[PDB]
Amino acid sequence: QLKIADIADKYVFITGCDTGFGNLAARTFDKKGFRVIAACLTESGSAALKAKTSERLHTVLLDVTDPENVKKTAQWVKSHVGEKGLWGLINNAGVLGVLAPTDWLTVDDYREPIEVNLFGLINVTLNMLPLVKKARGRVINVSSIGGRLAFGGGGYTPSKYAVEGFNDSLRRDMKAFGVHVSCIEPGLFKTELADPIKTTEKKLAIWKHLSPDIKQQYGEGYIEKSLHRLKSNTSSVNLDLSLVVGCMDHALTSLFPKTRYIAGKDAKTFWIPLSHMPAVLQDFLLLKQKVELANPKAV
């Protein structure tokens, strides 16, 4: 294979490096000899990341939903990289948000995941884009199988579908500047994103204030019956985060970066294939394992 040269002279900006993919990426690209700028949400996230990495790495406190903070951070990066520009932007920061049946939710429940996963990713992209153009560099967007195949109710799937759409508008707009745009679609991975207990604890808070009608339709025990089911399929979840960082690595360092990478044997052989199937067949296969409502005719 043909890799790029002068990795040591190139800067990579990564969002959400406190935990998960972003943290392993910051550490992996620091070892590789890139100059990493690791955006962290929390002081302890950045202190633990600094403590584990070389002097080539800098950390910045970034909340991607704070437009002043994003603009300041882009100003800082612009001074520091000067005429090298910014070789690599990895939009990794994301949250699950509330995940529940659609008919349990209000529109406000949809706001948080869209604000981080879409608006935050867009604003960071628009603020760094002049620097990535300058370097003729790489924008890497972290999507989800949830951006090709809808999860249950909540803003996560809409936010990820939207990222897929923005990613393609950006790729086509940037082809003229020699800037490559790569979309990464991970399967299910053990990170801090998706915590069966955290997810069940949010469903229970919603249940507490849910109308009598919905409670009668689903039935008492629905939440706990559907946790016994989530836990039946927690074995088939990747613990190897490097399958995703390897994809970021190829998108950063390959002379021929792919427009889409799929991480996880789950994703390559089940989820993405299922995303190409007509809805009749997706609904058939996805609904086979769903908890029966107590009183569906109580409408």
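Numbers for residues come from their place in the sequence shown, where the first is 1.
**Student:** 19-27 versus 281-289: which one carries the higher mean Cα B factor per the record?
**Tutor:** Taking the mean C-alpha B-factor of 281-289 and of 19-27, the larger value falls to 281-289.
**Student:** Mean CA B-factor: is it higher for 188-196 or for 108-116?
**Tutor:** Higher of the two, by average CA B-factor, is 188-196.
**Student:** By the CA temperature factor listed in this entry, which of these ranks top: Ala39, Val70, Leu239, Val36?
**Tutor:** Within the set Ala39, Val70, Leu239, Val36, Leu239 shows the top C-alpha B-factor.
**Student:** By its CA B factor, does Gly146 count among the lowest, middle or highest third of the modelled residues in the chain?
**Tutor:** Tercile = lowest for this residue's CA B-factor.
**Student:** Where does the C-alpha B-factor of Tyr161 rank in its chain, lowest, middle or highest third?
**Tutor:** Lowest third.
**Student:** Compared with the other modelled residues in the chain, in which third is the CA B-factor of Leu274?
**Tutor:** CA B-factor rank for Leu274: highest third.
**Student:** Sorting by Cα B-factor within the chain, modelled residues only, which third would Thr65 end up in: lowest, middle or highest?
**Tutor:** For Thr65, whose C-alpha B-factor we compare with every modelled residue in the chain, the answer is the lowest third.
**Student:** Ranking every modelled residue in this chain by its Cα temperature factor as given in the entry, which third contains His228?
**Tutor:** Highest third of the chain for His228's C-alpha B-factor.
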